[PDB]
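For reference, the structure discussed in these notes is given below.
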Amino acid sequence: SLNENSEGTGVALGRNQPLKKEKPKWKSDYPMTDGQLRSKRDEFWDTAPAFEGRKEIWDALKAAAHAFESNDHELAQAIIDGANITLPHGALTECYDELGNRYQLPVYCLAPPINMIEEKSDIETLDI
């Protein structure tokens, strides 16, 4: 959806959190080489954690990550949405708290494929 946060309309995507298919955010959506990775990494990094929200809720977020890591999607839903906290996204790597807070979770705690990037799946020699 092109920039849809249910603005001008009461609920659109669904402000409550569906299945957590979303990826951890802070890195390049299309990382190319080391330079591309590192440069865009920092760029997106700037926009990732922002201010934070609630260390009190953090406990639930990491516990949900625990279940979700163990393939327990339902557990993490019952935790996040179980509090009051919700998402129009549907991520375990994101949570929006009732106080107007948002948490954005980097891949370093879930998925490390976006660390090397330039494997021999395509990259060989970036000379041009």
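Every chain in the structure tokens has a letter given in the order shown (A, B, ...), and although residue numbers restart at 1 in each chain, ligands are simply numbered from 1 in the order shown.
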| Contact residues around residue A:103 with only C-alpha atoms at 9 Å, ignoring same-chain residues under 3 positions, as a VMD selection string | chain A and resid 48 to 54 58 93 to 97
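Around residue A:84, within 12 Å and counting only C-alpha atoms, the residues found are residues 15, 16, 17, 57, 60, 77, 78, 79, 80, 95, 96, 97, 98, 99 and 100 of chain A, once anything fewer than 4 positions away on its own chain is removed.
With distances taken over only C-alpha atoms, A:85 is the one residue among A:28, A:72, A:85, A:123 lying closest to residue A:101.
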Find the residues around residue A:126 up to 10 Å (only C-alpha atoms counted), leave out those fewer than 2 positions away in its own chain, and share them as a count of residues only. 6
- Do you know which residues are at most 12 Å from residue A:115 counting only C-alpha atoms, after dropping those on the same chain fewer than 2 positions away, and could you put them as a PyMOL selection string? chain A and resi 27-28+31-34+36-38+41+106-108+110-113+117-119
Would you save the residues from that selection as a compact mmCIF listing (two decimals), in the first residue's frame, using N, CA and C atoms?
```txt
# COMPACT_ATOMS: atom_id res chain seq x y z
N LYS A 27 18.15 -2.02 7.71
CA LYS A 27 19.12 -2.34 6.67
C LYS A 27 18.53 -2.12 5.28
N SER A 28 19.38 -2.21 4.27
CA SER A 28 18.98 -2.01 2.89
C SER A 28 17.99 -3.09 2.45
N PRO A 31 20.37 -4.60 -0.68
CA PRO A 31 21.80 -4.43 -0.52
C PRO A 31 22.55 -5.01 -1.72
N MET A 32 23.51 -4.26 -2.22
CA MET A 32 24.27 -4.69 -3.38
C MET A 32 25.64 -5.20 -2.97
N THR A 33 26.56 -4.28 -2.77
CA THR A 33 27.90 -4.62 -2.34
C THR A 33 28.17 -4.05 -0.96
N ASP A 34 29.39 -4.24 -0.46
CA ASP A 34 29.79 -3.73 0.86
C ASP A 34 29.51 -2.24 0.98
N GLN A 36 27.46 -0.33 -0.75
CA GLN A 36 26.02 -0.10 -0.76
C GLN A 36 25.41 -0.49 0.58
N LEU A 37 25.82 -1.64 1.08
CA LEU A 37 25.34 -2.14 2.35
C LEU A 37 25.65 -1.16 3.47
N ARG A 38 26.93 -0.83 3.63
CA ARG A 38 27.37 -0.01 4.74
C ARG A 38 26.78 1.40 4.69
N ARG A 41 23.08 1.19 5.13
CA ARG A 41 22.91 0.68 6.49
C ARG A 41 22.78 1.82 7.48
N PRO A 106 15.97 -4.09 14.58
CA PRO A 106 17.03 -4.45 13.63
C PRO A 106 17.26 -5.96 13.53
N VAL A 107 17.82 -6.38 12.40
CA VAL A 107 17.97 -7.80 12.06
C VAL A 107 18.96 -8.52 12.96
N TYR A 108 19.81 -7.77 13.63
CA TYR A 108 20.93 -8.34 14.38
C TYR A 108 20.44 -9.29 15.49
N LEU A 110 17.62 -11.19 15.07
CA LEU A 110 16.74 -12.19 14.47
C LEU A 110 17.38 -12.89 13.27
N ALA A 111 17.83 -12.11 12.30
CA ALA A 111 18.28 -12.65 11.02
C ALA A 111 19.59 -12.03 10.58
N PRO A 112 20.65 -12.84 10.41
CA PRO A 112 21.95 -12.37 9.96
C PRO A 112 22.31 -12.62 8.46
N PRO A 113 21.36 -12.84 7.51
CA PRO A 113 21.73 -12.98 6.09
C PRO A 113 22.19 -11.65 5.50
N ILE A 117 25.92 -10.16 2.26
CA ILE A 117 25.26 -9.62 1.06
C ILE A 117 25.90 -10.15 -0.21
N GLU A 118 27.08 -9.63 -0.50
CA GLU A 118 27.77 -9.93 -1.75
C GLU A 118 28.40 -11.32 -1.73
N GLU A 119 27.54 -12.33 -1.79
CA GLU A 119 27.96 -13.71 -1.95
C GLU A 119 28.03 -14.05 -3.43
```
In terms of only C-alpha atoms, the residue from A:122, A:116, A:89, A:71 at minimal distance from residue A:12 is A:89
Would you list the contacts of residue A:18 as an MDAnalysis selection string, taking every protein, DNA or RNA residue within 10 Å and counting only C-alpha atoms, but skipping same-chain residues closer than 4 positions in sequence?
chainID A and resid 13:14 73:74 77 81 86:92
Which of chain A end up as alpha helix (DSSP H) when DSSP is run on this backbone - answer as JSON, numbers by chain?
{"A": [34, 35, 36, 37, 38, 39, 40, 41, 42, 43, 44, 45, 55, 56, 57, 58, 59, 60, 61, 62, 63, 64, 65, 66, 67, 68, 69, 73, 74, 75, 76, 77, 78, 79, 80, 81, 82, 83]}
Notebook entry, point to check: Out of stretch 12-121 of chain A, which residues get strand (DSSP E) from DSSP, as a PyMOL selection string?
Noted result: chain A and resi 94-97+101-104
Residues just named, written with C-alpha atoms as a PDB file, in the first residue's frame:
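Dumped to selection.pdb:
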```
ATOM      1  CA  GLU A  94       7.799  -3.548  15.180  1.00  0.00           C
ATOM      2  CA  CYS A  95       5.360  -2.548  17.913  1.00  0.00           C
ATOM      3  CA  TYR A  96       3.311   0.586  18.576  1.00  0.00           C
ATOM      4  CA  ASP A  97       2.573   1.426  22.180  1.00  0.00           C
ATOM      5  CA  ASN A 101       5.374   4.988  20.916  1.00  0.00           C
ATOM      6  CA  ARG A 102       6.946   2.877  18.197  1.00  0.00           C
ATOM      7  CA  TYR A 103       9.615   0.208  18.328  1.00  0.00           C
ATOM      8  CA  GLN A 104      11.618  -0.822  15.290  1.00  0.00           C
TER       9      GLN A 104
END
```
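Counting only C-alpha atoms and comparing A:64, A:55, A:26, A:76, the residue that lies closest to residue A:40 is A:26.
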query = Smallest atom-to-atom distance to residue A:25: which of A:11, A:47, A:75, A:82, using only C-alpha atoms?
reply =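 Using only C-alpha atoms, the shortest distance to residue A:25 belongs to A:47.
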